[PDB]
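1. Test case, fold it:
(one chain, ligands or ions: 7)
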Amino acid sequence: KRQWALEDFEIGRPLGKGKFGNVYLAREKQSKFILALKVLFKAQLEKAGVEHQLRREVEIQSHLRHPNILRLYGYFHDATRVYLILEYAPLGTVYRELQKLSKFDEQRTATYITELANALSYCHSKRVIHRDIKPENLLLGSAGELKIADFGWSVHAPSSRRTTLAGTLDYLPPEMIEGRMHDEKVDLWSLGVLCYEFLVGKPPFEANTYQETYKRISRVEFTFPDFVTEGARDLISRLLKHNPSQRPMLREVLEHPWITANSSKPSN
Ligand SMILES: Nc1ncnc2c1ncn2[C@@H]1O[C@H](COP(=O)(O)OP(=O)(O)O)[C@@H](O)[C@H]1O
Ligand SMILES: Oc1ccc(Sc2ccc(O)cc2)cc1
Ligand SMILES: [Cl-]
Ligand SMILES: [Cl-]
Ligand SMILES: [Cl-]
Ligand SMILES: [Mg+2]
Ligand SMILES: [Mg+2]
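-> Numbers count the residues shown, from 1 in each chain. Ligands and ions are numbered 1, 2, ... in the order given. The coordinates are given below.
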């Protein structure tokens with residue numbers, strides 16, 4: 001097995017940025033293989049103390065094999081940087097698509113939820129929890145199919161949290177923002193937040209401040225605009241339960257009558 005280095009690649013257009021990741025299109029020189037190179041700075045990793053998160057991201061994602069999960073092929077590093085070799089997703093993020101269209105119709109939404117649930121069913125069969133499902137981490141393949149990415153926060157259940165929360169609370173369940181013990185049911189809550197955001201255009205507990213967002217999440221304070229149908233309301237309300245053990249199994253999501261009636265892809 002290679003043995004990769006920076007000299008092996010021709011770098012191209014920037015694909016996106018994250019808090020740590022700087023991601024570029026790249027072509028491997030001998031084979032002409034097109035891929036995405038996710039670049040991290042060692043100094044930023046060390047100052048933040050998140051080395052263990054990157055190791056998890058690599059070890060966990062590299063061993064997963066599912067059509068709705070982005071491949072990680074390998075990694076390498078030099079004096080200043082770490083490089084992750086990823087599958088290239090040519091149709092961009094679900095985030096960008098939502099910005100373009102404002103809201104998704106029921107068919108598009110049900111289809112994405114099916115693909116998401118299929119992917120998560122596979123992860124949970126290995127007791128892997130993702131913990132950071134949100135539109136900017138959902139990528140699209142050449143056929144428009146959804147692929148879960150960014151495994152930097154992923155772990156094995158059950159878990160406590162040992163690392164500071166930096167960004168948005170918007171997709172996290174009450175047991176996570178309250179810093180309590182949690183399990184695979186965290187991803188089911190996030191799936192409910194996504195289904196609402198796809199249909200409405202914004203997440204259900206969104207607010208102007210951290211402090212009030214925290215309040216809306218812990219008290220589960222959400223309401224529906226008139227256009228959200230009865231079937232969508234039933235599914236979203238089952239997923240957004242304060243008590244995690246009352247959230248449904250992923251098989252129950254995949255077989256929900258609103259999902260089966262509107263999705264264009266089958267359950268796996
Ligand atoms: N494999 C890929 N193909 C296409 N675009 C990507 C790929 N990976 C990341 N991106 C873009 O780069 C952004 C940041 O990547 P991500 O892995 O989520 O980094 P971070 O860990 O910093 O959030 C994504 O939200 C997306 O816009
Ligand atoms: O500070 C750093 C720098 C590079 C890495 S790469 C890596 C290391 C071990 C491992 O088991 C998997 C991937 C991780 C942390
Ligand atoms: Cl694009
Ligand atoms: Cl987070
Ligand atoms: Cl509840
Ligand atoms: Mg990300
Ligand atoms: Mg990350």
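2. What residues does the closest residue to ligand 6 within the stretch 101-250 of the chain make contact with?
-> Residue of the stretch 101-250 of the chain nearest ligand 6, by Cβ to the ion: residue 150 (3.7 Å). All C-beta atoms are positioned from the backbone trio N, CA, C, and that covers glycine. For residue 150, the contact set (Cβ atoms under 8 Å, 6 or more residues apart in numbering) comprises 18, 21, 57, 132, 136, 137.
3. helix/strand/coil for residue 13?
-> Recorded secondary structure, residue 13: strand (DSSP: H, G, I helix; E, B strand; the rest coil).
4. likewise residue 4?
-> coil.
5. correct me, but it touches residue 78?
-> No: checked against Cβ atoms under 8 Å, the pair residue 4 and residue 78 is beyond contact range at 11.0 Å.
6. ok, these two, which is more surrounded?
-> Set side by side, residue 4 and residue 78 show unequal neighbour counts under other Cβ atoms under 10 Å, the larger going to residue 4 at 17 against 10.
7. hang on, the earlier thing: ok, of the contacts of residue 150, which one's closest to ligand 2?
-> Nearest to ligand 2 among those: residue 57, at 8.0 Å, using Cβ to the nearest ligand atom.
8. Was I right to think the closest one contacts residue 137?
-> No: the pair residue 57 / residue 137 is not scored as a contact, 11.6 Å apart, by Cβ under 8 Å.
9. Excluding sequence neighbours, find me the nearest residue to the residue of the stretch 51-200 of the chain found nearest ligand 5.
-> Relative to ligand 5, the nearest point of the stretch 51-200 of the chain is residue 174 (9.1 Å; Cβ to the ion). Spatial nearest neighbour of residue 174, excluding adjacent residues (Cβ to Cβ, 6 or more residues apart in numbering): residue 218 at 4.9 Å.
10. Run a quick neighbour tally on that neighbour.
-> Residue 218, neighbours per other Cβ under 10 Å, totals 16.
11. Backbone torsions only: list them for it.
-> Main-chain torsions, residue 218, degrees, to the nearest 10: phi -70, psi -30.
12. quick one: contacts for it?
-> 174, 177, 178.
13. Filter these down to the ones in helices?
-> Secondary structure from DSSP state H places 174, 177 of the contacts of residue 218 in helices.
14. Of the contacts of residue 218, which is the most crowded?
-> Comparing the contacts of residue 218 by number of neighbours (other Cβ under 10 Å), residue 174 comes first, having 20 neighbours.
15. can I assume that residue is in contact with residue 216?
-> No: using Cβ under 8 Å, residue 174 is not in contact with residue 216, being 10.4 Å away.
16. Just the strands from the stretch 101-250 of the chain, written as ranges.
-> Counting by DSSP state E, counting those that start in this stretch, the stretch 101-250 of the chain has strands at residues 128-129, 138-140, 146-148, 155-156.
17. now the end-to-end length of stretch 216-224.
-> 14 Å (Cα to Cα, to the nearest Å).
18. Which positions in that stretch come out as buried?
-> Within stretch 216-224, the residues scored as buried using 16 or more other Cβ atoms under 10 Å are 216, 217, 218, 222.
19. before we move on, what about stretch 75-92?
-> For stretch 75-92, by 16+ other Cβ under 10 Å, it's 75, 76, 81, 82, 83, 84, 85, 86, 87, 88, 89, 91.
20. where does the second one fall, phi/psi-wise?
-> Summarising the backbone geometry of residue 76 under the convention degrees, to the nearest 10, its torsions are phi -160, psi 180.
21. Identify all contacting residues around the longest helix seen in the chain.
-> Counting residues, the longest helix found in the chain (DSSP H) is helix 106-125. For helix 106-125, contacts defined as Cβ under 8 Å, 6+ apart pick out 64, 66, 68-69, 94, 104, 129-130, 133, 138, 145-148, 184, 187, 191, 194-195, 198-199, 229, 232, 250-251, 253-254, 258-259, 261-268.
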